[PDB]
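Asker: Sequence unavailable; structure follows:
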RNA sequence: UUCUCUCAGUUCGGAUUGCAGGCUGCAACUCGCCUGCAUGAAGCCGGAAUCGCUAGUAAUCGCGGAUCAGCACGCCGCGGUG
C-alpha cells in the first residue's frame, strides 16, 4: 500500500512514480526496475500482483522510509552537540558551508 | 411627460468646469448635468471629454421625454464648448441654431487684482 | 531621425511560396534568431490549414490579413502641458505591420499544446471575422471615430 | 533526425542540507574547485520608475588566454544562427 511505504501515484509510468518515496531519486528507480526486468509500457501503472511484489521486495534492501529521516536528523543532532562550528551555524539558520552572507541566507533564514 | 419635442440647450463653460442644461422653448428646466456630477474631480473638469459625457447624460434623459428640436446658446468663454455640441447632435438631438451669449460690459464694473504667480 | 526620412529595409521573398508576406510572418514568429524553428512552425501550420477544411494557405491567409488590418488609428499627443489623443490616417506598411503583430501576439496567448495548433486555428478564426485580433481592430476603430471630437481642428 | 512526456509547482526550477570521493599544495576547520547518491526552497513573466541598441547591429550559442600549484557568473578577444 501502495507498493512501498505509502501511495505510489497512479496514471504515470513506474520509473517516475517510484520517485515519490523518500530515498528514491531517478537512477535508483532505474536500477531497481532493472534488477527485476520491468519496463514502463507505456504511460500507466497497469502492473500485476507479481510485478508489485517484485518491485516491493527489492525496495526493502534500501533505506527508503522514515528510517532515513532518523539518520539525517541524528546526524545534525550529533553535529550541534560536540563543539561544533557547523552545528553552531545549524542553530542560527545561517549557511553552514561558507557563503558570504550578504543575500545568501534568504533561503537559509527566510 | 408633456411630450415637449422642442427646446434649447444652454452651455455654461468656464476655465475649470462645464455645465450643460437643456430646457424647453421657455424657461422651466427638464434635464441637466455637469462634469462634477460624473465623478470627475479638480483639473479634469475642464477637458472636453467631460463635456462629452455631460452632454450625453443630459440628452439621454431629455429624449426620454420626447425631444428633437434644440438650439444652442453658449455662455462661458472656456474650451469644450464645441465638444458639447458634437455630443449633442451625435446621440440623437436635432441641433439647428448656434448663438453666442457672452456678457460684455460697456465699461461698468471694476475687476479684481492681477495675480502675481 | 533628425536629418530626414530613411529607407525601407528590402526583404527577400521566401522560396517556398514566393511571397514576401510569408517572409515577414516567419520573421515575426522567430525569437532569438532561431529561424529554422519558426519556418517549421509556419509550414506545419499551413499544412494543417490546407488538410482541414482548406483551399490554399495563401488565399485564406490573405483574407485573414484583410479582415484584421486597421484603417483608422489615433495618436496620443502633447501640446503645452495637457495631453489628448487624435485620429489620423494610416500608411500602407504600418497596416501590414500591425496586422502581423496582432495575429502573432494573440495566437501566442491561445492555450493549446502547440504553436501550430494555435497559429493555424487563429488565422482560420480570423478569416471568418472572429478572434481577439478582429476585436482589437474594432476597438481601434471605435476609439477613433469617437475621439475625433478633440481632433476636429488638430 | 527519430522515440518519448501532456499544461501540473510538474519528468519545469536547482537553492539548501546528509553521506562518500578526487586534485593541487608542507597544509583546504575559519576559507578552494570538481564528482556521485539522497533531499527538492522561492519562483507560474514581475507597480512607481528606469536602461541598451539604427545591420551581420540587437537577441541568442559556444571557444580561447592574460593573471595563475590550485581557484572566474568578472575582464580581453574570436566565430555560429540572425
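Answerer: Nice, thanks for sending it over. Numbers count the residues shown, from 1 in each chain, chains lettered A, B, ... in the order given.

Asker: Residue 11: neighbour count?
Answerer: Using chain A. 8 (other C-beta atoms under 10 Å in any protein chain shown). C-beta coordinates here come from the backbone N, C-alpha and C atoms, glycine included.

Asker: meant chain C actually
Answerer: By other C-beta under 10 Å, neighbour count at residue C:11 equals 11.

Asker: ok and the residue in chain B nearest RNA strand D?
Answerer: residue B:43 (16.5 Å; C-beta to the nearest atom of the strand).

Asker: give me the number of residues near that residue?
Answerer: Residue B:43 is flanked by 9 other residues according to other C-beta under 10 Å.

Asker: got a list of what it touches?
Answerer: Residues near residue B:43 by C-beta atoms under 8 Å, 6 or more residues apart in numbering or on different chains: residue B:16.

Asker: Would you agree residue B:19 is in contact with residue B:34?
Answerer: Yes. With contacts counted by C-beta atoms under 8 Å, residue B:19 reaches residue B:34, the gap being 4.3 Å.

Asker: any shared contact partners between the two?
Answerer: Joint contacts of residue B:19 and residue B:34 (C-beta under 8 Å, 6+ apart) are residue B:54.

Asker: For residue C:82, see how far away the residue of chain B closest to RNA strand D is.
Answerer: Distance of residue B:43 to residue C:82, computed by C-beta to C-beta, to the nearest Å: 9 Å.

Asker: what does residue C:71 give?
Answerer: 28 Å.

Asker: Can you mark which positions in the longest helix belonging to chain B are buried?
Answerer: Longest helix in chain B, counting residues (DSSP state H): helix B:48-62. Buried residues in helix B:48-62, counted by 16 or more other C-beta atoms under 10 Å in any protein chain shown: B:48-59, B:62.

Asker: ok, and what's touching that helix?
Answerer: Against helix B:48-62 from outside (C-beta under 8 Å, 6+ apart): B:7, B:9, B:13, B:18-22, B:30-35, B:37-38, B:40, B:44, B:79-88, B:91-93, C:149-150.

Asker: Just want the most central residue of the chain.
Answerer: No chain in the question, so chain A it is. Closest residue to the average C-alpha location of chain A: residue A:23 at 2.4 Å, with C-alpha atoms, centre = their mean.

Asker: Correction: the question concerned chain C.
Answerer: For chain C, by C-alpha atoms, centre = their mean, the most central residue is residue C:99; offset 1.7 Å.

Asker: Was I right to think that one contacts residue C:63?
Answerer: No. Residue C:99 lies out of contact with residue C:63 (C-beta under 8 Å); the separation is 11.9 Å.

Asker: Need the residues touching each of the two.
Answerer: By C-beta under 8 Å, 6+ apart, no residue touches both residue C:99 and residue C:63.

Asker: ok, residue C:150 - how many residues close by?
Answerer: Residue C:150 has 20 neighbouring residues, counting by other C-beta under 10 Å.

Asker: For stretch B:10-30, buried residues please.
Answerer: B:10-13, B:17-24, B:30.

Asker: Kindly report the same for stretch A:1-21.
Answerer: A:3-5, A:8, A:12-15, A:17-18, A:20-21.

Asker: Quick one: name the residues of chain B near chain C.
Answerer: Within reach of chain C by C-beta under 8 Å from any C-beta of the partner chain, chain B has these residues: B:47-49, B:52, B:82-83, B:86-87.

Asker: Which helix runs longest in chain A?
Answerer: Ranked by residue count, the top helix of chain A under DSSP H comes out as helix A:68-79.

Asker: So which elements touch that helix?
Answerer: helix A:85-90 (3 or more C-beta pairs under 8 Å, 6 or more residues apart in numbering or on different chains; DSSP states H and E).

Asker: For residue C:5, give its distance to residue B:4.
Answerer: On the measure of C-beta to C-beta, residue C:5 and residue B:4 end up 58 Å apart.

Asker: same check, this time on residue C:101
Answerer: Taking C-beta to C-beta, one finds residue C:101 at 52 Å from residue B:4.

Asker: where along chain B do the strands fall?
Answerer: For chain B, the strands defined by DSSP state E cover B:8-13, B:18-23, B:29-34, B:69-74, B:94-100.

Asker: Make CSV out of those and add distance to residue A:51.
Answerer: Shown next, in CSV, are the strands of chain B (distance: least, C-beta to C-beta, whole Å):
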stretch, distance to residue A:51
strand B:8-13, 86
strand B:18-23, 82
strand B:29-34, 79
strand B:69-74, 88
strand B:94-100, 86
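
Asker: What ranges does the chain have for its helices?
Answerer: Because you didn't say which chain, this covers chain A. According to DSSP H, the helices that chain A contains are A:14-17, A:27-36, A:49-57, A:68-79, A:85-90, A:106-109.

Asker: looking at chain C here, not the other one
Answerer: C:20-29, C:35-51, C:57-68, C:92-107, C:115-126, C:132-143.
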